[PDB]
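S.K.: Chains as they are written, first to last, in the authors' numbering: chain J, 2 to 60; chain G, 2 to 45, 56 to 101; chain F, 4 to 90; chain K, 1 to 61.
Dumping the structure here so I can ask a few things about it.
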Amino acid sequence: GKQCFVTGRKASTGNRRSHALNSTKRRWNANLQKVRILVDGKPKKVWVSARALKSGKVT
Amino acid sequence: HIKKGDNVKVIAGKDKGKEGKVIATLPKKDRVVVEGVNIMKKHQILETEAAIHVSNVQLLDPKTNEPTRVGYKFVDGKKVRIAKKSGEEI
Amino acid sequence: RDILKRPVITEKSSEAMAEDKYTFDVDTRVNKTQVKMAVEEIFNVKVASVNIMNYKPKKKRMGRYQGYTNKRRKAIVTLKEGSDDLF
Amino acid sequence: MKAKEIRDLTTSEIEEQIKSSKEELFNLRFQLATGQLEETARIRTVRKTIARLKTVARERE
RNA sequence: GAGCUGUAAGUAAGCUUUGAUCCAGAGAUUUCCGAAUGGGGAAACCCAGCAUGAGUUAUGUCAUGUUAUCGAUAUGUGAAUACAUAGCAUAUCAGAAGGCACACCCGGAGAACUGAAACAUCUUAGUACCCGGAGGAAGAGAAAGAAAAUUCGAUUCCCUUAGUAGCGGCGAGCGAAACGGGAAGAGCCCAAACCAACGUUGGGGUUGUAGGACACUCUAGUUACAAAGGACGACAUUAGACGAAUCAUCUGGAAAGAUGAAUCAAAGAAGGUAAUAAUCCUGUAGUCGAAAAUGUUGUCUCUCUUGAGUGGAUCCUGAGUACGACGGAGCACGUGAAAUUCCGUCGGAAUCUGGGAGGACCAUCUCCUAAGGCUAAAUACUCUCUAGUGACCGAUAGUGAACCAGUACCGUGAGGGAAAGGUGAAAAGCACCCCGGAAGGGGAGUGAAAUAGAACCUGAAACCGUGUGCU
RNA sequence: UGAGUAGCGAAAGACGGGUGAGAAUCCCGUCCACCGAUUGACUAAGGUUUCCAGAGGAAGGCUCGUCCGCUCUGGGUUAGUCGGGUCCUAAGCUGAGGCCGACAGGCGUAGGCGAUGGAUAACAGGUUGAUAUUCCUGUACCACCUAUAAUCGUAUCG
Numbered sequence: 002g003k004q005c006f007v008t009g010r011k012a013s014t015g016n017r018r019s020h021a022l023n024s025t026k027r028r029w030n031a032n033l034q035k036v037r038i039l040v041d042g043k044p045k046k047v048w049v050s051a052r053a054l055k056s057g058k059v060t
Numbered sequence: 002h003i004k005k006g007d008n009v010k011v012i013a014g015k016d017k018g019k020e021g022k023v024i025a026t027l028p029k030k031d032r033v034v035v036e037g038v039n040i041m042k043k044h045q056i057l058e059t060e061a062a063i064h065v066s067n068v069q070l071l072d073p074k075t076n077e078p079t080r081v082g083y084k085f086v087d088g089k090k091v092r093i094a095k096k097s098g099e100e101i
Numbered sequence: 004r005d006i007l008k009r010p011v012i013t014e015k016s017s018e019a020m021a022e023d024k025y026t027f028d029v030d031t032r033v034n035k036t037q038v039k040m041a042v043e044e045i046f047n048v049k050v051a052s053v054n055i056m057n058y059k060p061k062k063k064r065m066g067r068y069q070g071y072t073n074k075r076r077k078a079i080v081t082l083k084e085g086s087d088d089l090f
Numbered sequence: 001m002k003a004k005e006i007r008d009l010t011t012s013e014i015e016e017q018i019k020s021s022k023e024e025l026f027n028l029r030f031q032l033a034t035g036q037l038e039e040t041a042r043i044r045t046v047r048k049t050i051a052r053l054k055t056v057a058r059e060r061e
């Protein structure tokens, strides 16, 4: 139940392939980081992806 | 349809063409008891009367004393019963 | 109130009348303190002590269908004065 | 469709509950338990009066 | 408008023309458990606080209201730590919970048996199972479209294109779209440039034949989208009422059958009547009827409302967006010469001389204007309510269940799962006599029939007994 | 069909008198026989009316039955002190906030639930066909409420 607070990034699902084309299930996870950001109330620590931290966000 | 305490004529059965007086009414089973017809014997031993179907009796005309059908015409505010083949009120 | 339902007249209760003990059928969900205060206001009799017991439904079959009777609560009341005068 | 003759004041309604219920229906049941009661159709008659009495009482809130 | 207190007998005691019983609309009461919600618990139980009240000289005892959790709104709200902000105690909320038709729809996650006459790519199959969210329908929907004509113009569904073009250990196999013919068919609102207050709320503005701000002389309530609450009479449901026409004889227990004579029909559909009935009964064709509740509709109320084109100095038209690389998925299309579009990681543009597409890619032409949001109809399905039909079954059949069947019974449990219909038209269900302790039987009697006697319509075979002609 | 065949589940019965339509099998009495660290007396779990009285003999009883744990009709279980709750906690279970996790959910703090353990006021005798620390008789104990009082306003409760 972990997701990016700014954008909403979440893990996905797909296949892992081999040279013989055998397929098994795997997951692509988001590069979430535990960073303190500005909040209206207490400044709390939330999951924010590294892409969201680009373009300029508070910390 | 056929009220109790009336004068009827039997048109079908063992005792056909015999006038009688209605003494009981069973509308759940559609059975009418006529006085003097359909005698029964019960081992208890007594002789009494049995029930007959309402479809085997016709009302008697007050004037001709002949079988007839029934109709309604709303003479008054209430509803009254008349007789076909004539105009006399039953 | 109408806590009491019916009086009980049996062979064992007949010999219990000599000791001023009366048997009644009461409501299932009442305590003997409530039964104590119900006799005093209907017959105007001062009571001494009240006993009470519970029963279980009995499986009674008539014809082809089986079933159960009602659960019964029975109370025995002891009187120091007066008499209920059951007819 | 019955005889709804009960039209007296609300104070007398409570007077008609202890009479009809507390002392009449209760007495009629102990009479039958030992067994002295003919006219057993009266048990239903008293019960329906109590239903009518409390129905008009609720109509007046 | 005359009987009634259900199956269910039967005996009591009752009610009813001063309108019983019954049918329909509208109200009141509604124990306990169960999301269960004062606390606990082995559901249908136990144990409390607070505020009034009923009884006791007084405790004991009882009745009525309220007290769960989370969330959203006002107030009081030291901390550690100066102001504050976590925690907290109150007040309010038709706020949420759980079930439901194992039907229809949209998402997350997602097999194997099987086929390839073995098998791993492939297929089964994005199927079965599970979880989440709804709705009466859901989803999609107003061109960064289809194409190559001297063009069309939102989405959805049916026919055809067509088993074509294609994909494929090029094996097994998978498999389209545009055009064309039809059902149905309305389109609008926001961000920015600009204008005055204290970043906020109002006005302005919504686009490709390029639109708008800015300067220029400049006038249809659509409550299914397009802005949101209410008042005005006509049909339709939820009880019903009128409504034509037949008499004789024969057989028979009984006539509706047969022999003869009549009638009606906007009514010859059907069911019941002692047997096969247009004219015996309930009905049918036709017409009429509504206190009261609930739907649809249409004529006024009511609530909003700025209707047109030439000029383009300058400004605005959606950014970590489009796009690229790496690893995947989905398009009929298995990375392949793969365009078109989604996810994870990392880089990362331009601003009408702009940008995207026309199956790698470049140039020329043609079409269009992404990165914000809503929208009825044609379409799919049936647990239920009313009215109907069948070259569909007729008790080993038809639902597992025509009988009080998800019952008996079996298992710790999830779960599995039967057999059983028929007297007679009418109970008229054998008064009475004889054998016993009774069951049963022989007479008499009821009935057309009693070998129709309730283990009751007909009553085959296997099988079991008695007597006889020939051996 | 096997076939009136196998079997009828450890074991000692005999006689007299009654009931009765019907008795080796039912009642009453006598004698003999068997267990007696148990086939005797209580009670926990489990079963749920099989317990008592009066009637009955279709089916059940591996035979018969006048009998029964079987059928019909009526009856039977009484607590301030006994075991449990209004007392307490083991091992475990559930947990407001909180942590983790595609969904569903997993774990866990404060706090609760939970005896097989701890704490806690009664004995003797009699009585019915069926109840007995429960009913009755006699003698006790524990908690709580109400009105004068000995002694008490620094007491006293915590």
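We put the beta carbon where it would ideally sit given N, CA and C, even for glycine.
1) When you compare only the Cα positions, how much space is there between K:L25 and F:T31?
2) If I follow the unbroken beta strand (DSSP E) through G:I40, where does it start and stop?
3) Measuring straight from C-alpha to C-alpha, what distance separates K:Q17 and K:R29?
4) In three-state DSSP terms, what is J:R10?
5) Specify, as a first and last residue, the run of the beta strand (DSSP E) that residue 3 of chain F falls within.
6) Can you tell me the Cα-Cα spacing of G:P78 and G:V38, whole angstroms?
7) Taking only three categories from DSSP, how would you classify G:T59?
8) Identify the continuous alpha helix (DSSP H) that holds F:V38 and give its terminal residues.
9) Determine the burial state of F:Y71: buried for a count of at least 16 other Cβ atoms within 10 Å of its Cβ, exposed for fewer.
10) Quick check on this structure: which residue in F:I6, F:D28, F:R4 has the alpha carbon closest to the alpha carbon of F:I12?
11) Among all the DSSP beta bridges, which residues are the ones paired with F:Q69?
12) Taking Cβ-Cβ distances shorter than 7 Å, what residues in chain K pair up with F:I12?
13) Hey, out of F:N34, F:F90, F:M20, F:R76, whose CA is closest to F:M56's CA?
14) From the DSSP output, in three-state form, read off F:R32 for me.
15) Which term fits J:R27, buried or exposed, when burial requires 16 or more other beta carbons within 10 angstroms of its beta carbon?
16) Among G:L70, G:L71, G:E99, which residue has its Cα nearest to the Cα of G:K84?
17) Confirm, please, whether the CB-CB distance from K:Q36 to F:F46 is below 8 Å.
18) Output the distance between the C-alpha atoms of G:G6 and G:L27, rounded to the nearest integer angstrom.
19) State buried or exposed for F:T36, treating a residue as buried only when at least 16 other CB atoms are found within 10 Å of its CB.
20) Under 8 Å between the Cβ atoms of F:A41 and F:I6?
21) Using a C-beta cutoff of 8 Å, does F:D87 count as contacting chain K?
22) In three-state DSSP terms, what is F:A51?
23) Going along chain F in order, which residues have a C-beta closer than 7 Å to the C-beta of K:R52?
24) With the cut-off set at 8 Å, would you say G:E60 and G:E36 are in Cβ contact?
25) Should G:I63 go down as buried or exposed, given a rule of 16 or more other Cβ atoms within 10 Å for buried?
26) Distance cutoff 8 Å, beta carbons only. Does F:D30 sit that close to anything in chain K?
M.R.: The structure says:
1) 20 Å
2) 40–43
3) 17 Å
4) coil
5) Only positions 4 to 90 of chain F appear in the structure, and residue 3 of chain F is not among them; the question remains open.
6) 17 Å
7) strand
8) 35–45
9) exposed
10) F:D28
11) F:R64
12) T34
13) F:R76
14) coil
15) exposed
16) G:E99
17) no
18) 13 Å
19) exposed
20) yes
21) no
22) strand
23) Those within 7 Å of K:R52 in chain F number zero; the least Cβ separation is about 19 Å.
24) yes
25) buried
26) no
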